[PDB]
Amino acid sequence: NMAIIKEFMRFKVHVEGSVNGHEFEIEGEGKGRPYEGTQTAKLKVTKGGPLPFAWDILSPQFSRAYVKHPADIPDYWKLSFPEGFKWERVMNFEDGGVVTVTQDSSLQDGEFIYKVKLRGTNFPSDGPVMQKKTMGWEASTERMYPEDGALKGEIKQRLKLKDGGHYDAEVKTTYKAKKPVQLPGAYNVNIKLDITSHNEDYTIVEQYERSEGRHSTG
């Protein structure tokens, strides 16, 4: 797979979603160094803009081919190619907001292709998501473990707030290769996602993300 997952790779992403009933679409493209764990993306809202909610609930839904791993931890996402992988995620925010996501990752014409579907519900109208009071994610650690023939990850994820403090989410994701792939044992993925630029109404947004697997035993 080192022959097809090159040291520099591009991707395209399409998102269809709704948050508290507000429909939208995003198209974007990105690039990065899969073995170094780094990538950038530029996203454009193509339907439903400007979004009446915080961009930050969308940013983690877009790119698992770009996680650096030690040589002795199998990289489940890279090994799944050429066929690729899918994932499903649930985010429970502390004020009762919920985001559920499904995703398909494939490799076509030498680029990764990501398709995301998202449903956000039950965000309070006066809360930090619908009032756009958030200011980016703190760095996170996703605790990975194999279960039921799939790879699971759990995160206690924290969103900075305008007026101070944090807004918390509990996140669980199941990642599933489209063909049999060697599952890793338990380990951690450290993630930091930054919004590097955006226009005033967040209809054009650029991101940078660093993701690195680390042993949690040994």
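We number the residues from 1 along the sequence you see.
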In the deposited sequence, how many residues between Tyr167 and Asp168 have no modelled coordinates (none, 1 to 3, 4 to 9, 10 or more)? none
Going by the B-factors listed in the PDB entry, is the mean over the C-alpha atoms higher for 180-188 or for 152-160? 180-188
Residue range whose averaged C-alpha B-factor is higher in the record, 69-77 or 83-91: 69-77
Relative to the other modelled residues in the chain, which third contains the C-alpha temperature factor of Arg10: lowest, middle or highest? lowest
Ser105 CA temperature factor, ranked by third within the chain: lowest
Entry-reported C-alpha B-factor of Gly37 relative to its chain, by third, is middle
Among the modelled residues of its chain, the C-alpha B-factor of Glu209 falls in the third labelled lowest
Record-listed C-alpha B factor of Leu43: chain third: lowest
